[PDB]
Amino acid sequence: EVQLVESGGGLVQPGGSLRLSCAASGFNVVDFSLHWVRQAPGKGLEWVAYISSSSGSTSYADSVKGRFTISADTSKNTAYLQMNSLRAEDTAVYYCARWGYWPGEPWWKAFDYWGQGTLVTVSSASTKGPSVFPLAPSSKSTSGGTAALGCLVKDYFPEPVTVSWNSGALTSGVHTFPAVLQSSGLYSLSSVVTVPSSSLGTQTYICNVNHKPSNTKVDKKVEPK
Amino acid sequence: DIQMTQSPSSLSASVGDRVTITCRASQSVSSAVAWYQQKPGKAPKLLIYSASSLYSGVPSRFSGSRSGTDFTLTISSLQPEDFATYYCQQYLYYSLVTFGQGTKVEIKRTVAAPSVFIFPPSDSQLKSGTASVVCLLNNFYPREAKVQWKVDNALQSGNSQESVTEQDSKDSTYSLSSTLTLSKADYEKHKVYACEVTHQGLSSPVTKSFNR
Amino acid sequence: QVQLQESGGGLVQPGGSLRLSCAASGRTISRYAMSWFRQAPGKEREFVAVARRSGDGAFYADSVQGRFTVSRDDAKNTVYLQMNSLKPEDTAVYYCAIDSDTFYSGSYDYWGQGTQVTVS
Amino acid sequence: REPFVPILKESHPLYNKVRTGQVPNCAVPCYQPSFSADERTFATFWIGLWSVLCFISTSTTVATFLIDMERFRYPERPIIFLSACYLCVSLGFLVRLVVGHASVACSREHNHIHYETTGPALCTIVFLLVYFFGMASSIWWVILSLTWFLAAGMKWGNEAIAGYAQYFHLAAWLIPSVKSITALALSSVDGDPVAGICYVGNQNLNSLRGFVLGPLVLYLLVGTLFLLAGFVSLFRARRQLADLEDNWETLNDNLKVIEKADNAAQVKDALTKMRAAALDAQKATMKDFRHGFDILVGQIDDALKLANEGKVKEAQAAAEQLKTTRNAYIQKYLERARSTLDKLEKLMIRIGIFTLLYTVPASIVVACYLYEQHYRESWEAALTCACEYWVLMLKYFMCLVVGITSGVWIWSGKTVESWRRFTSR
């Protein structure tokens, strides 16, 4: 089989520069062209650049002209994409793809053997820990049937944070939302469980947060008012 | 240069049904278009290449066809695996490859109305000078709901933020959450807060409210 | 600037059938979506069914799924609720209802004055 | 109803088991007096008028073939035999008009009509000619439609027409011979009023089904299927030639547009349409005539990247180089692609219109039979008390129409002058 791998992801300052390395294992790259395909988060795919080192035929999309450049030595069987001055849109996931020359069948096949790609972000604010706040139900917020009890985490960076509900003991309709880009360059996330009645079981529930870039472990306590 | 338009941009379909996703090229490409499946999280996969020919390995419920410049993938039987996103992608020269918008296929589910809970600002966010209210819409179908923030008919815009979860693993339903962020000073203005919600499974807007 | 009307009626029977209709008036439908509501004493305004516009599908509630079926005619702008297996717990006035927004937000305004379908 | 021969029983023959009119012997008189009667006074010359014409228009025509000694050949070969059949079909009615109705099918010795196979040969003559040649004519038509489909959809060539036709011409004769000899052994032959002929079906509807209702449906159906298959193949070929021509002209004209325009943008904007059209024409396509398309698209592949990389006249020269490869492959294959369809369209349309014209009379014949069986159903049991002349005279006429088409299909002054100079001596 043939296999691909991307490397070089992560976070940079705006106006930075970076190199992504696509390595192809199996097939050699004199006989097959490499392309780079970008997916911005929550969007469709879009096209960036290609190279095909049988002749050297590097093109670029219009958004990346004057900013992106490429190389592809076939002795190391790999390819290199250099980006400079990262506009904050260019935060995305990048993929490296394969395409065969004219004529014959391998041109008629489009991109088939995709690497899984890596994520880069135009990081602008320093990483820090979140603030945790309770969301207690009102005494008038359904005093009988269901009852909604939640925890709010706000102002944190970078992306991955985890919240555990009593360190694993609850699964009755636990909801945890996708984080959203706060307008001040940070992140904010919300989680809520829908614990039914019996005065919320009168158990002082704890939201345990974990954010390993800040290695914090707040175990906040929620209770109805 | 050329534009690729993909029309049935969100499809609700039951298990074992028949779905058709079309695609239209702006110019006249020849028989040179492909259909890709991307599942959320992973890299995409080839599914159909050269308009109608099948790639090796994929199951044979999928099919493709061309009528002039209008291309169409059809799945005759909706397998319970094939819930993902399908992208239409032409190719012509190497530097002209453009992709469609991508359509999402979804589980058909019987319509239920949201349950709406409004949570006030905390007793800690007031000390930090920024107070945020949230409104939680829970367990409904389909996605298309309209939240509305009225600080006594002060219909905000730009101070709200909203986020849905994905389709639920069990009974397959969504949960939206809207959020309003405010200063310490602008918080206690007016005295009544309410979020007013509508949805296609709601005869009347539901108002959930509390007084400051 | 619109008004929407329905048809049908009658004192039906335990287990009967009907083909309820709502014909548009003063306006076409093809940009909107149309939903068929109910009105039973005990818990009125309840949901039954919704049909979109583009052939992308149509949804129903839990208690009426399968036993009802919504069809749509954009040329005559009339929407037909096929009513099968009419169990007698369906004693309800029926409403035709319409969204003001094409983005399916459920912003419903106009009702008409009901089809009186009561099952004994 | 009393003038329908209630002749007294002579014990035998047939006076005990004919069952006509639900009685032992009340049957049919010689003319047809109860649906038109005196209108037969017209009809006595009506079928005469057409018949002589339906001799003359084909009488020369097969002789015209014997002038040429097979000039026109295999895709027009069954025209000759189909034309030949009507000569004898007309000749039977010529025998009728040289003898008369009152002696060839009227019973000489028992005053009703002729039934069964007669001992002294008289009725059997005209029956043999009309039935055998008739059915054989329709068989020659359906194998002509077979030839039409084999030349249109398969285009197998005249030698491949010849190899099958050497079997199929002697295969065609057998089926009418088979049905004729089974009719003759069954001896269901009988006269027909307002005709003078000797055909079948006047005795019973089941005989009519057994000879003429069934096969006339069958042969018509299996001719029409082949005809429509050939026509839809023709239209498919026509539309694919049209779009390949469209690809060629949008290739050539746009290449010329590239040749006389400038700047770095519209050159790529035109060359992409060039690549689109070249791919579309290569998909239709032979191996060198597809390999030329391959090396053409590869030449455009050489062209386009210099336009991407800011070279305009290098793209111009790259574009100019195409002409030779256009000429040496694409042009010389488009010529034969156009010429084959033009040679088909200019001639096989002129042959297939004979089929299109022929199909209508056969259908009107089987419709006339299907109404005459209902009419006989209406009248047969109708006796004692209680408590459409033009459809009759049309049927023998529209059987004879096709022969005079061979007097107009052979209309060509060149070969008529060839006949005159050949025969003058």
# chains A, B, ... in the order shown; residues from 1 in each chain; ligands from 1
call {"tool": "residues_around", "arguments": {"residues": "region 43-53 of chain C", "least_positions_apart": "6", "cutoff": "7 Å", "atoms": "only C-alpha atoms", "output": "ChimeraX atom specification"}}
result
/B:201,203 /C:30,32-37,59-61,64,70
call {"tool": "closest_atom_pairs", "arguments": {"of": "chain B", "to": "chain D", "cutoff": "9 Å", "atoms": "only C-alpha atoms", "output": "tab-separated table"}}
result
residue	atom	partner	partner_atom	distance
B:1	CA	D:269	CA	8.7
B:27	CA	D:273	CA	8.6
B:28	CA	D:276	CA	7.2
B:29	CA	D:276	CA	5.7
B:30	CA	D:280	CA	5.3
B:31	CA	D:280	CA	7.1
B:32	CA	D:279	CA	8.9
B:92	CA	D:276	CA	7.5
B:93	CA	D:272	CA	7.8
B:95	CA	D:308	CA	8.9
call {"tool": "closest_residue", "arguments": {"among": "C:4, C:11, C:92, C:98", "to": "chain B", "atoms": "only C-alpha atoms"}}
result
C:98
call {"tool": "residues_around", "arguments": {"residues": "residue 12 (chain A)", "least_positions_apart": "5", "cutoff": "10 Å", "atoms": "only C-alpha atoms", "output": "PyMOL selection string"}}
result
chain A and resi 17-18+86+91+120-124
call {"tool": "closest_atom_pairs", "arguments": {"of": "chain A", "to": "chain B", "cutoff": "6 Å", "atoms": "only C-alpha atoms", "output": "Markdown table"}}
result
| residue | atom | partner | partner_atom | distance |
| --- | --- | --- | --- | --- |
| A:44 | CA | B:101 | CA | 5.5 |
| A:109 | CA | B:49 | CA | 5.7 |
| A:112 | CA | B:46 | CA | 5.6 |
| A:116 | CA | B:43 | CA | 4.9 |
| A:135 | CA | B:119 | CA | 5.8 |
| A:177 | CA | B:165 | CA | 5.3 |
call {"tool": "closest_residue", "arguments": {"among": "A:79, A:192, A:180, A:169", "to": "residue 134 (chain A)", "atoms": "only C-alpha atoms"}}
result
A:192
call {"tool": "residues_around", "arguments": {"residues": "residue 125 (chain A)", "least_positions_apart": "4", "cutoff": "8 Å", "atoms": "only C-alpha atoms", "output": "list in words"}}
result
residues 157, 185 and 186 of chain A
call {"tool": "interface_residues", "arguments": {"of": "chain B", "to": "chain C", "cutoff": "12 Å", "atoms": "only C-alpha atoms", "output": "ChimeraX atom specification"}}
result
/B:7-14,17-21,105-113,140-148,196-206
call {"tool": "select_by_dssp", "arguments": {"residues": "chain C", "states": "strand (DSSP E)", "output": "PyMOL selection string"}}
result
chain C and resi 3-6+11-12+16-25+34-39+47-51+58-60+68-73+78-86+92-98+115-119
call {"tool": "residues_around", "arguments": {"residues": "residue 209 (chain A)", "least_positions_apart": "3", "cutoff": "7 Å", "atoms": "only C-alpha atoms", "output": "PyMOL selection string"}}
result
chain A and resi 162-164+217-219
call {"tool": "select_by_dssp", "arguments": {"residues": "region 159-393 of chain D", "states": "helix (DSSP H, G or I)", "output": "PyMOL selection string"}}
result
chain D and resi 159-186+205-260+266-284+288-308+313-320+322-345+348-379+389-393
call {"tool": "residues_around", "arguments": {"residues": "residue 55 (chain D)", "least_positions_apart": "6", "cutoff": "9 Å", "atoms": "only C-alpha atoms", "output": "ChimeraX atom specification"}}
result
/D:86-91,94,403-404
call {"tool": "write_last_selection", "arguments": {"atoms": "C-alpha atoms", "output": "PDB file, in the first residue's frame"}}
result
ATOM      1  CA  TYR D  86     -48.092  -8.663 -56.658  1.00  0.00           C
ATOM      2  CA  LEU D  87     -47.931  -9.698 -60.321  1.00  0.00           C
ATOM      3  CA  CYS D  88     -49.521 -13.022 -59.499  1.00  0.00           C
ATOM      4  CA  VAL D  89     -51.809 -11.473 -56.888  1.00  0.00           C
ATOM      5  CA  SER D  90     -53.173  -9.193 -59.601  1.00  0.00           C
ATOM      6  CA  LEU D  91     -53.163 -12.089 -62.075  1.00  0.00           C
ATOM      7  CA  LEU D  94     -57.321 -10.959 -63.973  1.00  0.00           C
ATOM      8  CA  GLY D 403     -47.629  -2.954 -56.335  1.00  0.00           C
ATOM      9  CA  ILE D 404     -48.089   0.455 -57.887  1.00  0.00           C
TER      10      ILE D 404
END
call {"tool": "closest_atom_pairs", "arguments": {"of": "chain A", "to": "chain D", "cutoff": "10 Å", "atoms": "only C-alpha atoms", "output": "Markdown table"}}
result
| residue | atom | partner | partner_atom | distance |
| --- | --- | --- | --- | --- |
| A:57 | CA | D:305 | CA | 7.3 |
| A:58 | CA | D:309 | CA | 9.0 |
| A:59 | CA | D:308 | CA | 7.7 |
| A:60 | CA | D:308 | CA | 9.9 |
| A:102 | CA | D:298 | CA | 7.1 |
| A:103 | CA | D:294 | CA | 7.0 |
| A:104 | CA | D:294 | CA | 9.0 |
call {"tool": "write_last_selection", "arguments": {"atoms": "N, CA, C and O atoms", "output": "short mmCIF file (atom, residue, chain, number, x, y, z; two decimals), in the first residue's frame"}}
result
data_model
loop_
_atom_site.label_atom_id
_atom_site.label_comp_id
_atom_site.auth_asym_id
_atom_site.auth_seq_id
_atom_site.Cartn_x
_atom_site.Cartn_y
_atom_site.Cartn_z
N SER A 57 6.28 22.44 -11.83
CA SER A 57 5.14 23.14 -12.41
C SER A 57 4.29 23.78 -11.32
O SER A 57 3.07 23.62 -11.28
N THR A 58 4.91 24.55 -10.44
CA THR A 58 4.26 24.99 -9.22
C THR A 58 3.28 26.12 -9.49
O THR A 58 3.67 27.17 -10.01
N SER A 59 2.02 25.93 -9.12
CA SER A 59 1.02 26.98 -9.19
C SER A 59 0.51 27.29 -7.79
O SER A 59 0.87 26.62 -6.82
N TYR A 60 -0.29 28.33 -7.67
CA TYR A 60 -0.85 28.70 -6.38
C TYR A 60 -2.26 29.22 -6.59
O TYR A 60 -2.59 29.73 -7.65
N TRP A 102 -1.14 12.87 -17.01
CA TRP A 102 -1.72 12.50 -18.29
C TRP A 102 -0.70 11.72 -19.11
O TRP A 102 0.47 12.10 -19.15
N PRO A 103 -1.11 10.66 -19.80
CA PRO A 103 -2.46 10.15 -19.99
C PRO A 103 -2.85 9.01 -19.09
O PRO A 103 -2.24 8.75 -18.06
N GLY A 104 -3.87 8.32 -19.53
CA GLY A 104 -4.22 7.06 -18.94
C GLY A 104 -5.10 7.19 -17.72
O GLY A 104 -5.65 8.24 -17.40
#
